[PDB]
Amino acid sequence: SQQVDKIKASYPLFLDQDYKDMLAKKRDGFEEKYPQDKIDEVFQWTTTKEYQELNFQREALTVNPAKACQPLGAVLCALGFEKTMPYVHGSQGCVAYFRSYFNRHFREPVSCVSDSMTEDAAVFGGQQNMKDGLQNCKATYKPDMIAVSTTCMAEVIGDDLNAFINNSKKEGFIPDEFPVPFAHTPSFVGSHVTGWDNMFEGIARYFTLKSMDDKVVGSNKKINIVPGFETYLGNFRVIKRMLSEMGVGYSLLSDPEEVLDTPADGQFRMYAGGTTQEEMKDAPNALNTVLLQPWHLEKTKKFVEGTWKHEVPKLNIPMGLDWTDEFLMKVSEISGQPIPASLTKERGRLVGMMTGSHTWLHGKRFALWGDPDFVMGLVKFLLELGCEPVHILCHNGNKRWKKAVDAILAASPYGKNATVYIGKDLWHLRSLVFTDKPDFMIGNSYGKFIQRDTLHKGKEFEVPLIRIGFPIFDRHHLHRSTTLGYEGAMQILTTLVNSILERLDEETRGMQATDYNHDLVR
């Protein structure tokens, strides 16, 4: 039943007694459910070191991964170019998922097409799908560019993208001059960040490889910036802001910040802003190219160094104090522009915030996950704050990256208790936060289920989730925030210290039991 003036949705509707009774009869009558004592017994077992050992012996089963598949990153890369339609050659189910996934993180429209290959392509190939798909897409959505990636169906069957596109142009399904860069993006290799790299290098090749003869490094006096797979709008904006602040000429290659933040003013803009084709064509004339996330831009790096002859500098992701410092010092050396007084002041304000919050941050223990560059920058900044990264998980990381993160940890006393895990998933992590409990988790929305599990053991075992990463589905507008530069370091620091103080307030809210420490001032 419902009271018209106090309508209840599922929570708390189904706590009503009549629903509780009905669900009890359903369980007892027909579910043949395990007794609650057995359920409690098994749950307790899944929190033990014994279970953890069996868990970490898995060789074939993956549970609750912390990565996605390549074409997701190719789509996000493609969205960053002016009037470009992302186009995934293969099966349409994938595109439905790519769009929904980004829709839920950004809360924005996300355009992407498929050419809807069906079972007949398993025998005959997908050329006709490409021919008609390119003509249909161009006519209906009027992109200036179509950037092609692939689903795993197309990869297993071996569709020759170059031949299909070339025949499409030969036969007049699209004009010969219409830009159709492409990349093979197999979901059974790497992860979504690999697909970003593959799509970017494919676009860069399309516009420069056959026109290198007139290029001269440095002749346009700009620096190219390649962001990689980036799902915080503030990160595109902070890089552009700091470079403009220094008067540094730059080209951000793949820039989706406008199209993922269009105003709600009565009209839907399928396209907005983005890197221009001329910027790609002119990129070889830059002074140099800087890769903001080098650990998933290895193929782009090979092409930039090997073809454009740019001496790509060895920079970490500009996260935290030291690596933001190093980024600005390198940009200054390449551009000849001094670091202005405004950025020197912003740096000092971040240091001031670190001094202000260091007592609450000191020694705090974290479990964290994400993509390789994000994770290593987060670890580095935690160390700078005097925090202890304890469980560091990168499902899609490799042995070289692990080696590099272990070295960063070895250089600080705050890394003594840290272990780096690669190839491990959030069911592995769940075991680690039971057997070697940290104070918090730093991660994406999938961590909410680990927090639920830990609370079930008891309130003193609960590990709260701090939401930094991708995807974040259960809070609104966190995609607008920033993790790079001094600005992003201030935001992370504020989030961490106030997460600590919120939890302390919760633990000391108990009247006459724990509220002796419910201080007004912290």
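Note that residue numbering begins at 1 and tracks the sequence as displayed.
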- Item | Between 328 to 336 and 94 to 102 (mean CA B-factor, as deposited), the higher | 328 to 336
- Between 305 to 313 and 261 to 269, point out the one with the higher average CA B-factor as the PDB entry records it. 305 to 313
- Query: Which one of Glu245, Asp373, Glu230, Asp425 shows the top CA temperature factor in the record?
  - Reply: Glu245
- Task: Name the residue from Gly415, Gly133, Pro109, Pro143 with the greatest C-alpha temperature factor listed in the entry.
- Result: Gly415
- The third of the chain into which the C-alpha temperature factor of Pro471 falls is the lowest
- Item | Ranked C-alpha temperature factor of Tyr11 among modelled chain residues, by third | lowest
- Note on the structure: Quick tally, chain-level thirds of C-alpha B-factors: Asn398 sits in the highest
- Task: Ordered by C-alpha B-factor within the chain, which third holds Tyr250? Give me lowest, middle or highest, please.
- Result: highest
- For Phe182, the third of its chain into which the C-alpha B factor falls: middle
